[PDB]
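Okay, so here's the structure we're looking at.
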Ligand SMILES: Nc1nc2c(ncn2[C@@H]2O[C@H](COP(=O)(O)OP(=O)(O)OP(=O)(O)O)[C@@H](O)[C@H]2O)c(=O)[nH]1
Ligand SMILES: Nc1nc2c(ncn2[C@@H]2O[C@H](COP(=O)(O)OP(=O)(O)OP(=O)(O)O)[C@@H](O)[C@H]2O)c(=O)[nH]1
Ligand SMILES: CC(C)(C)c1nc[nH]c1/C=c1\[nH]c(=O)/c(=C/c2cc(F)ccc2F)[nH]c1=O
Ligand SMILES: [Ca+2]
Ligand SMILES: [Mg+2]
Ligand SMILES: [Mg+2]
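Residue numbers (the deposited numbering), protein chains in the order written: chain E, 85 to 141; chain D, 1 to 273, 284 to 431; chain C, 1 to 440.
Next comes the structure, spelled out in structure tokens:
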């Protein structure tokens, strides 16, 4: 029972840590994905501005 | 995190940068060729933040000097520290902009922007550990206003995890009478709110009022305004430029100063334009604010204060507690210990004791409202839109820039009205 | 054997490490180069001081310690400083980019790049050991590395080393010496995530230490140099039981038995005496009775709280220097009658005592007077929850408006983690409340 419970603590620590570290990497990537996509939305708007100058002449 | 990459965009940006680089080269004991001639180790200990080490012990600014107008290239190269800059880092366009934001942002500046990014990339690739970027510019012009905010958004793409700071010069009818400057500032603010980590509101109205009423000059040139900006910019960079046990980089400072991502518009201040209690009262006084707003008309979310010169630190501790006690209502209760202080041994050239002030106050809305009033005077009657809709823009985007700035003001007000209980 | 591996995380850990190691060297006659002339057994040995120092065949006594930090500037001054020869280069581990006063960068973003290396370097020190007892982890609550990387390390050390004991020397923040507005968040997060993985944690309130350096040492505006020298004496008093041979010496693990009644209740109040300047100490010998009486004066505590308006669960007196049991007993009888020492009904009221004969030493050109005797009281009092409360209030004020929370969310954290940590602290406060209440 001393072994069983020492192992259980090591087991659930290891899994609890792995779960958080993967959750964080999802979140940080999802944050940076949104930031770049809003910046790529600008480059598409700036392509409509430069087309509406040449398609008004 | 040590190396910062400087960018000076437009006429305003290049001249305030020139003055910035003159003062700090002098402080670090660097002559216009670029050799160390000082005495103290402290001048070299964190030299790498602003200077690259070329062959033959040559210290060269990590500056990128950018404009759509030539001629500004000549004035900077002819000026007192023109020789010290890197020749390749000069990246100057052809036909200028002529106080037009849609030229700088969407068309004419967009053509030059890739040749700037090349110089940025070349500078950043050499950095052992790049921390961030600082942009000196005006928000009333065309190039620095528009191409500057494009550079911001473009640098964010290739460096999303570096800090982006701006010394953004706010336009004013008293200094410059160009009629469209309220359009340019409002469009810039729509970018800055989204794409910068902290923006220093260097305001031309306050600089005019200080130069007139304190420094005694009857009608001041741009050189008179810049002596104040270079003093501010020297002060707010002293943390990184000098030792002192402080161990902070652009991110630490931005973490401790910026409690909400959109609310990163600081109110600078300097003192004197002397004993420690006087300094401490002078810097918190509305007359010394380089942005034209009254702290007493709102509340401080956070404050940073840096002191320079030989002085008792016990006295500085007693005095910063003194004004916090005496002015308790003007600091939000729901962020404890939000007024922090550093002290620097080395004073600036000329003054034995100085004191620089950074303040994230909700009163900064008084600057954004003034611009919003000047803006809506012209917009509601559709004035001068042929300058902007000609170069390809839509009326929708003008409404978004007005709406985003009116939200920022509503948010600054929300937290001013917030209470602990 | 009974080896002890010290881990120093972040600026505050690193710099307190310097203070402690420089002090241990002076206590054991170890020179800066690492040699120990009084050590006749070259290359190794089973002596008391070998619990903190391994020996090389060249006679170098090398600290069983790893210094970690996520930026170089602080650990650079150990690599170039007076004790550069004392440490192997592999013991001093740096990154390039710091945690920026952000628990998230320390625990996840920047931290994960260096964590496997740090455990590898701890593992080389662990395989030098024939009977590893555990780890002492020095760090701040408020720093990004001190909070975030420490938590991460502690989680990993529970995996790699099982239930092998882990002690903390945790620096509790104070706005006098801190430039960090977000420390309350970092403190509650690290405290939450470490709680399961630490067996005993000695908190040090920088304000408490600040007020002592002002009051007792007449230092107008104390620096970290001043604070760390004091701290290291308290740390030295606590680790002296592991480092020294003695008849009346009691092991630190024996005190722990008395100090920790339940697993979460592992935060002993420390109090030290005498802290006195050279001027004041001259023609002024402080007896056992005077320094023992000083332990119950709350001005001398490492954490600002009031034991007198709380309840005792343990009281340990760690004496060093010219002290004999007779004098200690006399002093304790005087204190019992004259002072506010109220125990809970479920504990026994006896004071536990240990005596080390090696007298306390001072760092050359310090502020502390060299005294013939000294004492560090480790008591388990419900009063220490006050420290949690003050800090938990600062947390709540900012979190209600989500001030600064974006900086944590941007580096991958959720709001779930914030409130989860606060709820754990709400329970910890409620536990300290519960232990004080009388039985039925
Ligand atoms: N404080 C300060 N303001 C300046 C200086 N030079 C210009 N300005 C202000 O900057 C605003 C106009 O922006 P400029 O920098 O001249 O324009 P630009 O960004 O170079 O754009 P273009 O002129 O279109 O190439 C006006 O409100 C001026 O008062 C200076 O040296 N100091
Ligand atoms: N007692 C003591 N406290 C310190 C020392 N250095 C820093 N602190 C305190 O520690 C807290 C700040 O965290 P640091 O440990 O400096 O930061 P860090 O752990 O290096 O983490 P980052 O710098 O954010 O990556 C503040 O409360 C400081 O006052 C020291 O040498 N001694
Ligand atoms: C007073 C101190 C503790 C140093 C502090 N705490 C939070 N902020 C500060 C001070 C500053 N905070 C800043 O964000 C800051 C900005 C800044 C600094 C540079 F070095 C370069 C460019 C900048 F925009 N300059 C500062 O001097
Ligand atoms: Ca030996
Ligand atoms: Mg121009
Ligand atoms: Mg640090």
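Note that CB positions come from ideal geometry on N, CA and C, so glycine has one too.
Residues in the same chain with beta-carbon distance under 6 angstroms from residue i, minus the five sequence neighbours each way, listed in chain order, please.
i	result
residue 385/D	182 and 186
residue 316/C	255, 352 and 378
residue 42/C	59
residue 17/D	8 and 136
If I'm right that residue i touches residue j with Cβ under 8 angstroms, what's the distance once you round it to whole angstroms?
i	j	result
residue 205/C	residue 137/C	The pair is not a contact, with the Cβ atoms about 18 angstroms apart (cut-off 8 angstroms).
residue 143/D	residue 67/D	6 angstroms
residue 413/C	residue 404/C	At roughly 12 angstroms, the Cβ-Cβ gap does not stay under 8 angstroms, so residue 413/C and residue 404/C are not in contact.
residue 99/D	residue 139/D	Residue 99/D to residue 139/D, Cβ: 12 angstroms. No contact.
residue 227/C	residue 325/C	Their Cβ separation, rounded to whole angstroms, is 33 angstroms, which puts residue 227/C and residue 325/C out of contact at 8 angstroms.
residue 356/D	residue 42/D	6 angstroms
residue 72/C	residue 94/C	4 angstroms
residue 364/D	residue 318/D	5 angstroms
residue 91/D	residue 75/D	Between residue 75/D and residue 91/D the Cβ distance is about 16 angstroms, and since that is not below 8 angstroms, they are no contact.
residue 406/C	residue 242/D	Contact doesn't hold; Cβ gap of about 30 angstroms is too wide.
residue 169/D	residue 202/D	5 angstroms
residue 419/D	residue 394/D	So it is not a contact: roughly 24 angstroms between Cβ atoms.
Beta-carbon within less than 8 angstroms of residue i's beta-carbon, same chain only, minus the 5 sequence neighbours each way: which residues are those?
i	result
residue 432/C	265, 382, 384, 385 and 388
residue 5/C	64, 65, 66, 122, 125, 126, 129, 132, 134, 135 and 136
The alpha helix (DSSP H) with residue i in it runs from where to where?
i	result
residue 405/D	405 to 427
residue 398/D	396 to 399
residue 224/C	224 to 243
residue 75/C	73 to 79
residue 254/C	252 to 259
residue 229/D	222 to 236
DSSP on residue i, reduced to helix/strand/coil?
i	result
residue 213/C	helix
residue 198/D	strand
residue 129/C	coil
residue 68/C	strand
residue 89/C	helix
residue 269/D	strand
residue 432/C	helix
residue 323/C	coil
residue 211/D	helix
residue 271/C	strand
residue 203/D	strand
residue 1/D	coil
residue 380/C	strand
From which residue to which residue does the beta strand (DSSP E) around residue i run?
i	result
residue 67/D	63 to 67
residue 205/C	200 to 205
residue 166/C	165 to 172
residue 513/D	No answer is possible for residue 513/D: it lies beyond the span of chain D, which begins at 1 and ends at 431.
residue 337/D	Taken as a continuous stretch (DSSP letters only), residue 337/D belongs to no beta strand (DSSP E), as it is neither H nor E.
residue 134/D	130 to 138
Quick check: residue i and residue j, are their CB atoms within less than 9 angstroms of each other?
i	j	result
residue 5/D	residue 123/D	yes
residue 401/C	residue 425/D	yes
residue 312/D	residue 349/D	yes
residue 367/D	residue 267/D	yes
residue 179/C	residue 141/C	no
residue 13/D	residue 190/D	no
residue 277/C	residue 368/C	yes
residue 135/C	residue 163/C	no
residue 380/C	residue 312/C	yes
residue 301/D	residue 206/D	yes
residue 34/C	residue 92/C	no
residue 168/C	residue 145/C	no
residue 296/D	residue 27/D	no
residue 182/C	residue 101/C	yes
Excluding sequence positions up to five away, which residues of its chain have a Cβ less than 7 angstroms from the Cβ of residue i?
i	result
residue 32/D	80, 81, 83 and 84
residue 425/C	188, 191, 192, 388 and 392
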